[PDB]
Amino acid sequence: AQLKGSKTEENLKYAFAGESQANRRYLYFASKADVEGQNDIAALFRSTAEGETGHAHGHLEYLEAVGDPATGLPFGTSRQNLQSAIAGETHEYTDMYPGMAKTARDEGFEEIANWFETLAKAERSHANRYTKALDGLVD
């Protein structure tokens, strides 16, 4: 049984995206509870979020056999991980966020457009910083 091409590969990718989002959502909910004074609820969102971290990283460990879900590229070693991060970041700032900015502006969401442009610039900074780190990697 080869994981590449299987339904189970697709399911691991989907479940990795979901667990990832659940951790982000639960930390957002925790910050809302913080402000409200619901400290027990905030602590619960945070503890559950750690669970979803363990789940997402388990999914990712299985996906090491087929490639980084964001890029299709090998991951594992720091050299590979920096390479895949640079490629993904490059996609984000050359394609994804500029295209999202254009669509937002065309649909009349000017603030969201500027937000997507801020993020394109941020992902470009990330890509360039990762590239500098890869240039200096001694492994």
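From 1 onward, residues are counted along the sequence shown.
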| query | Is the mean CA B factor in the deposited entry higher across 126-134 or across 5-13? | reply | 5-13
| Between the two ranges 37-45 and 97-105, the one averaging a larger CA B factor in the entry | 97-105
| said: Ranking every modelled residue in this chain by its Cα temperature factor as given in the entry, which third contains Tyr62? | reply: highest
| message | For the chain shown, is the CA B-factor of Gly51 in the lowest, middle or highest third of its modelled residues? | response | lowest
| task | Would you please rank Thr77 by its C-alpha temperature factor against the other modelled residues of its chain and give the third it falls in: lowest, middle or highest? | result | middle
| Position of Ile112 among the chain's modelled residues by C-alpha B-factor, lowest, middle or highest third | highest
| Third assignment of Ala70 from its chain's C-alpha B-factors | highest
